[PDB]
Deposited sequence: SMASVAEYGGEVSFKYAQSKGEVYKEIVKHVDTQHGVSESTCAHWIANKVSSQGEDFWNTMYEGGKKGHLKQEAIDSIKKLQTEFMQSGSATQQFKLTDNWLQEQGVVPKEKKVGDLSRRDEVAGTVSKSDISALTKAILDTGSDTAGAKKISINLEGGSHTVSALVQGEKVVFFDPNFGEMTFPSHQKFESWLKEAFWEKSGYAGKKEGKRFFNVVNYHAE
């Protein structure tokens, strides 16, 4: 967003009539909302299989949809990913689903398998899904992270003058480094959708050209 540029002592030089940034924020909201529905639906599917169908062509029963919507809302309004996944786990135990435990030395701990996937390797994920440990049978709730996109912005710095250009919003000018730095950190980073919801490092690369 560029609502705050003038508040931080900058000027908007150009504003795109159709903000591809606003489209990106709607995409983030969509993918976030759809995670809630996916998590809630998988929880309901797991509870249904371990206790006999949730299906009505190509739709869930209305009572399943109402219950999925309820859990999804609660899931969404839980803060951290840790609290969200704890809320779904509590719901599953309330429905009589029993989480597996494993021994690590003498101690009982949750039978969760954490790991990594990539474009070219899902071997560890596949083994975690297929493993039933001591038993012949198991239900799994599988959380997977999706690839984020790539974005390019540009800047011209001339002494204390900073021109910042985001093809998703437009062009802004700040008359000092400090005014640009405060605006970028305190206004733009969150409001833009580039910050994300989770903690975690993402790469950046700056290529420098002569002015």
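- According to the record, no C-alpha positions are given for deposited positions 52-58, 64-66, 222, numbered from 1.
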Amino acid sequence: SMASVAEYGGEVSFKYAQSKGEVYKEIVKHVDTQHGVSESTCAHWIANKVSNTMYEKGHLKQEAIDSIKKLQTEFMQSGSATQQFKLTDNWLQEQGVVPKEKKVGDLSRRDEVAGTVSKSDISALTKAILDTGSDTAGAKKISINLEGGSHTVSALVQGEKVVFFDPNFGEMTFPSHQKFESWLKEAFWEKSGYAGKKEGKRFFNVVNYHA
From here on, numbers count along this sequence of modelled residues.
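- Relative to one another, 137-145 and 103-111 have unequal mean CA B-factors, and 103-111 is the one with the higher figure.
- Remark: stretch with higher mean C-alpha B factor among 87-95 and 117-125 is 87-95.
- Note on the listed residues 154, 48, 158, 40: the highest Cα temperature factor in the record is that of 48.
- Going by the entry's values, 62 shows the largest Cα B-factor out of 150, 62, 168, 34.
- Sorting the modelled residues of the chain by their CA temperature factor places residue 205 in the lowest third.
- In the deposited entry, the Cα temperature factor of residue 44 sits in the middle third of values across the chain's modelled residues.
- Looking at the C-alpha B-factors along this chain, the one for residue 53 belongs to the highest third.
- Per the PDB record, residue ranking by Cα B-factor puts residue 181 in the lowest third of the chain.
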